[PDB]
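A.B. asks: PDB entry and its sequence, pasted below:
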Amino acid sequence: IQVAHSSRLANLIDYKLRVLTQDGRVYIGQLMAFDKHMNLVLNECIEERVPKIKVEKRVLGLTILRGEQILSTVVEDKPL
Amino acid sequence: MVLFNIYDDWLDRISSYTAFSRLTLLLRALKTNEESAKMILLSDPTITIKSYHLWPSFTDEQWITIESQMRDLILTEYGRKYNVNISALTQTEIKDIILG
Amino acid sequence: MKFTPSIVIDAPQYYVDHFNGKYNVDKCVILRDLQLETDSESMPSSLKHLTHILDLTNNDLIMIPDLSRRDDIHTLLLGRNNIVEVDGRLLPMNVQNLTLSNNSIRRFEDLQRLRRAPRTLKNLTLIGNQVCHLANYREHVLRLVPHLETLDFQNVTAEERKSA
Amino acid sequence: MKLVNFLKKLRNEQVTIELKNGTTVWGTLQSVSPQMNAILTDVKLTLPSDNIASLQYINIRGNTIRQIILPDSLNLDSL
Amino acid sequence: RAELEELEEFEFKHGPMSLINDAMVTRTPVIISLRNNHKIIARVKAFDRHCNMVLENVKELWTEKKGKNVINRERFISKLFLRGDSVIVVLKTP
Amino acid sequence: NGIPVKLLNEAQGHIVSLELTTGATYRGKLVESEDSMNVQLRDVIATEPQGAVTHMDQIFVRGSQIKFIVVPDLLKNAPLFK
Amino acid sequence: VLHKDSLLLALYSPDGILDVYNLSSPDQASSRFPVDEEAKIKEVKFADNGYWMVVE
Amino acid sequence: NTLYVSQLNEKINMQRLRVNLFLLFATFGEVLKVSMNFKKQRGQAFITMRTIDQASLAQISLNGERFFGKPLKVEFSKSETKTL
Amino acid sequence: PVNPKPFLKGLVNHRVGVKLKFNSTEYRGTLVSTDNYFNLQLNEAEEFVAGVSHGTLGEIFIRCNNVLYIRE
Amino acid sequence: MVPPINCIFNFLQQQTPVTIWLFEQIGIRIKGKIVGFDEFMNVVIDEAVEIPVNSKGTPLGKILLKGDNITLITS
Amino acid sequence: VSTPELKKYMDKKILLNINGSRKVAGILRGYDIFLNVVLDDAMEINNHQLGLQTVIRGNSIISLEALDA
RNA sequence: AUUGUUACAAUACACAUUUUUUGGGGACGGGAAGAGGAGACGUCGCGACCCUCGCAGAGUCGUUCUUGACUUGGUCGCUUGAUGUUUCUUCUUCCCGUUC
């Protein structure tokens, strides 16, 4: 997976990032906007579930995620 | 002018010479690398330092172990520094310990 | 020329195939009309980058070669090739959407690598070849490759399965 | 005044971290901020002992970070 | 501006964190608990306003087994920087 | 100010889905927005993880418990950013 | 003339030019103070209060 | 560039259909269009390509090709696509 | 008439009984002091894990977020 | 209309009965009467009694409950 | 700071959905910025009354569907 | 032959409810057969006797060779398709892959 030495969130805007929830539901989407609480606007959120073995998949919304339940973002692949 | 018994609780258990030797070992180790020495001292946090002691109050075996560790540290550091091949004997290392 | 690592490196891995997944690689200057006469060597240069959609169409590939993990080449397009036989143990679970149109698969026994598909190949399609014209070919495919859902654009029905 | 100041002063140290999940992650801090927003350069990972399932680039929120393991053992916060 | 924040510095030595401060001053062990059934032992070094401490001689004790049979695991760490949210209770042993 | 908040404000009178902490998936119109993400709905369907689905007339959601609020593909580039 | 906090330097001439420079930031443009040209500037002082620049 | 298909199997699903189309059109050239814009089904699909030559080739070759039972009626688009 | 802060103040230099939500252990001891954030400082602490005592702690401190109530 | 700030004042004035609800434990619910006034949600509750409600008499003095822990209050 | 639009839901019954499975219900009397909803009714759930008035906290208050639209 | 003014962000404050400080030969896999996993609620798919019949996020207008403003796959099988809540209670035989 391609990923350069990014400094901050401003430099890595408009990139396909995987987001991790508090409960442990993996996500994936292009990071549009930024904020104080890290409410990153997802371009197209493909949510995934894992029962408490194997990961599921979904495609409901292109949501603006909340900052409270977010654990850590990780870059998947660059666009264009 | 402040007074401190540097042999915090050793004179009753071990002899004076032995205590002195121990002190030398500790001090030298500290000089070599202080942080490491500190770590060695406080491996087990249950073995606490008393309100009027400079050192942690170990049992005899524990003390011995600590001493050994210190010695090892001293040796290792020396090796790192002067790129010596190997220590020939224990009596050769005595010089290293005491004099420096 | 031959499929080397340098060529792979050169290849345009910018425009992602937006239908599924990311990184639609096209090896060499262009995988479409690359002219890889030998088997797909130096697959390790990609290193499972990405469905992946490694569109290696319009080539002269003799046999289908894979070398990656379980999620590395789902939507592989090997159209207009000279694919004689495609036996392999590397791409077991990944390659589901196999676009093997205009191939050189002559006999039904040539598809025996894909056949016995319960463990040999988790999924595989295959269509538009010389073996499609043979008598009772579809039925044979159904019998052997049960994992083949879409057989040359038309689905493998229950009735068909029963027949085979 | 604050303990975060000390954190801010440090940089490029291979520091582990006991997160809410429990998996370790020893990598470079890079650009540490006021709200503990760390950015990992390269570290290990064990998805929900700890198994081998590491990822290269990463960015962590300060709310999740329950601890910051040592890389350079030194006490100097004030300046 | 200055006097508002500067007055809060002495509040640590007066209130609930006074003990902690004392401990920090005169290096001694302290049993630090956690949220998920954990028990840590360490001697303090630095301190902060919101309990964001840093200690040495970190002896951890936590369970990773079923309810039938316990298993007290151990690991010697040092120079950590634990967050104040996870810190439940602390106490200076004699 | 916050960009996300602004975006939310802009999307007033559009089909916006939701997802709570417990996992109660919603799908309906957007009544209003604010600095704190206090969403209100109209003709709001309820397709929760528990199974027993429903069709609610109205519903007001708390912003703290919300995991992620959905939004359409129209307001992507303009006219929020520049 | 130099301000008491030692950061503001007023440079001037009789004909009305009065420019205040900030010695703390090189990248900061001087501030031009309006004095009609016919009134000859004899002297500029910074008052003790720290915020009156008196132009005699 | 764009090629407007017609007379195809409506019974097949949308995403699947799209995938199939992609698979088909990869031999001629690089298919730009990822998903269908109309969302009506039953033949109406615009296969957007990078090159015009590729599109032309596709039109030539896949005119009345068997795709999910029925023969697909290939034809050039009237207006240019939004992406192109 | 009697406020909460005032009550707390009054309770200093006297017996106190705090109980937490996560892992319910009744901490019993003499209250020392308290700040604006409602942090606790106990003396002669006895961690009564649902009645039964784990061990006599002595001097101790307690965070604000964990505790539920305060009583005699 | 009746605001939350004035509500406290009213409560103080009256000294009426109450039934406090907990966050973690659903069954165990407090019962007493509020007294103290403050800016935050925390307030003094005289004559506390933790009763085990259905989906019964816990011993406790004048309970000074936390601000975050309180789930309900009646007056 | 920014007050939530509770004036539209004033003088109307609302079936609440509190945290940890608790389907309470009651008419809204007063509101505020911190979301401490001053309601004038309470009934747990099958159904059974338990005190008339009830002023709930701001934290434990996720869902609140209005009965009368 | 740069100086001035205005506006908006970053840096400098940040433990109480909408947010960063508290609600935790032997093993393994798949498919088939015989003997002693099943029922609900939804959510997306393989067939079709069905529906439906076509070129355009959509429509309208100003001005100029391409831009500004105003409006608002459905049904039935599955003849053993996939998948999350929620209650209750395995052995034998053959075939195909991996490992020693």
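C.D. replies: Happy to help now that I have it. Residues are numbered from 1 along each chain as shown, chains lettered A, B, ... in the order given.

A.B. asks: so is residue H:53 in a helix, a strand, or just coil?
C.D. replies: Counting by DSSP: H, G, I helix; E, B strand; the rest coil, the backbone at residue H:53 sits in helix.

A.B. asks: surely it meets residue H:1?
C.D. replies: No: between residue H:53 and residue H:1 there is no contact under Cβ atoms under 8 Å: 10.1 Å. (C-beta placed from N, C-alpha, C; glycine too.)

A.B. asks: Specify which residue of the two has the higher count of neighbours.
C.D. replies: The neighbour comparison of residue H:53 against residue H:1 (other Cβ atoms under 10 Å in any protein chain shown) goes to residue H:1, with 20 against 11.

A.B. asks: Find the nearest non-adjacent residue to that one, please.
C.D. replies: In space, residue H:1 comes closest to residue H:84 once its chain neighbours are excluded; the distance is 4.9 Å by Cβ to Cβ, 6 or more residues apart in numbering or on different chains.

A.B. asks: For the one helix or strand residue B:79 maps to, what is the distance to the chain centroid?
C.D. replies: Using DSSP states H and E, residue B:79 maps to helix B:60-82. Remark: helix B:60-82 is offset 7 Å from the chain centroid, using Cα atoms, centre = their mean, to the nearest Å.

A.B. asks: following it, which helix or strand shows up next?
C.D. replies: Next along the chain from helix B:60-82, counting by DSSP H and E, comes helix B:90-98.

A.B. asks: so what does that following helix touch, helix or strand wise?
C.D. replies: helix B:16-32, helix B:60-82 (3 or more Cβ pairs under 8 Å, 6 or more residues apart in numbering or on different chains; DSSP states H and E).

A.B. asks: helix or strand for whatever residue of chain C ends up closest to chain I, which one?
C.D. replies: Chain I sits closest to residue C:71 of chain C, with a gap of 38.9 Å, by Cβ to the nearest Cβ. Following DSSP H and E, one finds residue C:71 outside all helices and strands.

A.B. asks: distance of it from RNA strand L?
C.D. replies: 16 Å (Cβ to the nearest atom of the strand, to the nearest Å).

A.B. asks: which parts of stretch J:61-75 are buried?
C.D. replies: J:62-75 (16 or more other Cβ atoms under 10 Å in any protein chain shown).

A.B. asks: which of those lies closest to chain D?
C.D. replies: residue J:68 (16.8 Å).

A.B. asks: For the closest one, give me its contacts.
C.D. replies: I:65, J:23, J:41, K:59 (Cβ atoms under 8 Å, 6 or more residues apart in numbering or on different chains).

A.B. asks: quick one on the thing from earlier: what does the helix holding residue B:79 contact?
C.D. replies: B:13, B:22, B:25-26, B:28-29, B:32-33, B:36-37, B:40-41, B:47, B:58, B:84, B:87, B:93, B:96-97.

A.B. asks: One more pass at 10 Å, please.
C.D. replies: Helix B:60-82 has contacts (Cβ atoms under 10 Å, 6 or more residues apart in numbering or on different chains) with B:10, B:13-14, B:18, B:21-22, B:24-33, B:36-37, B:39-41, B:43-44, B:47, B:55-59, B:84-87, B:90, B:93, B:96-97, B:100.

A.B. asks: Mean neighbour count added to the helices and strands packed on helix B:90-98, as CSV?
C.D. replies: Below are the helices and strands packed on helix B:90-98 laid out as CSV (neighbours: other Cβ atoms under 10 Å in any protein chain shown):
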stretch, mean neighbour count
helix B:16-32, 16
helix B:60-82, 15
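
A.B. asks: Kindly present those as TSV, with separate columns for distance to residue G:21.
C.D. replies: What follows is the helices and strands packed on helix B:90-98, written out as TSV (distance: least, Cβ to Cβ, whole Å):
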stretch	distance to residue G:21
helix B:16-32	54
helix B:60-82	55
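
A.B. asks: Relative to residue E:53, which of those is closest?
C.D. replies: helix B:16-32 (25.1 Å; Cβ to Cβ).

A.B. asks: if we can go back for a sec, which one of the buried residues of stretch J:61-75 is nearest residue F:62?
C.D. replies: residue J:71 (14.5 Å).

A.B. asks: tell me the contacts of that closest one?
C.D. replies: J:20-24, J:26, J:29-30, K:18-20, K:22, K:56-57, K:59-61 are the contacts of residue J:71 under Cβ under 10 Å, 6+ apart.

A.B. asks: In ChimeraX, select just the buried ones from those residues.
C.D. replies: The ChimeraX command for the buried members of the contacts of residue J:71 (criterion: 16+ other Cβ under 10 Å) is given here:
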select /J:20,21,22,23,29,30 /K:18,19,56,57,59,60,61
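
A.B. asks: and the gap between the one residue in chain I that gets nearest to chain H and residue E:88?
C.D. replies: At 45.4 Å from chain H, residue I:22 is the closest residue in chain I, using Cβ to the nearest Cβ. As for residue I:22, its distance to residue E:88 is 8 Å (criterion: Cβ to Cβ, to the nearest Å).

A.B. asks: Can you pick out the residue with more neighbours from these two?
C.D. replies: More crowded of residue I:22 and residue E:88, by other Cβ under 10 Å: residue E:88, with 21 against 13.

A.B. asks: Let me see the backbone angles for that one.
C.D. replies: When quoted as degrees, to the nearest 10, the phi and psi of residue E:88 stand at phi -90, psi -60.

A.B. asks: what about the nearest residue to residue K:20 once chain neighbours are set aside, helix or strand, and which?
C.D. replies: Once flanking residues are discounted, residue K:20 sits nearest to residue J:26: 6.3 Å by Cβ to Cβ, 6+ apart. According to DSSP H and E, residue J:26 maps onto no helix or strand at all.

A.B. asks: just checking, residue J:26 touches residue K:60?
C.D. replies: No: using Cβ atoms under 10 Å as the test, residue J:26 is too far from residue K:60 to be in contact (11.8 Å).

A.B. asks: what is residue 65 paired to in the beta sheet?
C.D. replies: Using chain A here. residue F:68 (DSSP bridges).

A.B. asks: The chain in question should be chain H.
C.D. replies: Residue H:65 has these beta-bridge partners by DSSP bridges: residue H:72.

A.B. asks: show me what contacts the residue of chain J found nearest chain C?
C.D. replies: Nearest to chain C, among the residues of chain J, is residue J:24, at 41.3 Å (Cβ to the nearest Cβ). Counting by Cβ under 10 Å, 6+ apart, residue J:24 touches I:20-22, I:24, I:68, J:69, J:71, K:20.

A.B. asks: Among those, which lie within strands?
C.D. replies: In this view, the contacts of residue J:24 that belong to strands under DSSP state E are I:20, I:68.

A.B. asks: Between the contacts of residue J:24, which sits nearest residue A:21?
C.D. replies: residue K:20 (19.8 Å).

A.B. asks: quick one, what contacts that closest one?
C.D. replies: F:22, J:21-26, J:71, K:60.

A.B. asks: And it, how far from residue K:60?
C.D. replies: 8 Å.

A.B. asks: Overlap in contacts, the two.
C.D. replies: Joint contacts of residue K:20 and residue K:60 (Cβ under 10 Å, 6+ apart) are J:21, J:23, J:71.

A.B. asks: tell me which of those is nearest to chain H?
C.D. replies: Within the shared contacts of residue K:20 and residue K:60, the smallest distance to chain H is 44.1 Å, found for residue J:23 (Cβ to the nearest Cβ).

A.B. asks: Surely that closest one and residue J:67 touch.
C.D. replies: No: the pair residue J:23 and residue J:67 does not pass the contact test of Cβ under 10 Å, sitting 11.6 Å apart.

A.B. asks: Which of the contacts of residue J:71 fall within strands?
C.D. replies: Counting by DSSP E, those place J:29-30 in strands.
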